[PDB]
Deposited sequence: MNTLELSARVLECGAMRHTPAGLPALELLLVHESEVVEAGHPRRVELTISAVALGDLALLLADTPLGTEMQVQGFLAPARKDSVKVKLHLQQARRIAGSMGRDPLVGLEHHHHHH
């Protein structure tokens, strides 16, 4: 079991990159702000995220500030790192009807 579901806004969206094996790869910087319940609290969390393959292609050029629901697994950012990165398995924009 390793699944993080997070509501987040796009702070940064990288240019299209690739894995050493030639698969599309895209890095995003995400910010989450919410109030949660702990022992009967607000949280602000900044987190790096990476999408590979088709999802990287879909998330290409996501405007900055876009609000999203995402899901994936957590992993250390680099070998031996304290920094974690969210490996995206799902991402959807919070579509609205304003929208002006």
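- Comparing the deposited sequence with the modelled residues shows gaps at 41-42, 103-115, with numbering starting at 1.
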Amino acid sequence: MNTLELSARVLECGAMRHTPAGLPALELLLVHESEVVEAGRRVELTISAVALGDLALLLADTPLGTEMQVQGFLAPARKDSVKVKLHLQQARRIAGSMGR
From here on, numbers count along this sequence of modelled residues.
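- The deposited model assigns a higher average Cα B-factor to 30-38 than to the other stretch when 30-38 and 61-69 are compared.
- Averaged over Cα atoms, the B-factor as recorded in the entry is higher for 77-85 than for the other of 77-85 and 20-28.
- Among all modelled residues in its chain, residue 95 ranks in the middle third by Cα B-factor.
- In the PDB entry, a CA B factor belonging to the middle third of its chain's modelled residues is recorded for residue 49.
- Annotation for residue 1: CA B-factor lies in the highest third of the chain's modelled residues.
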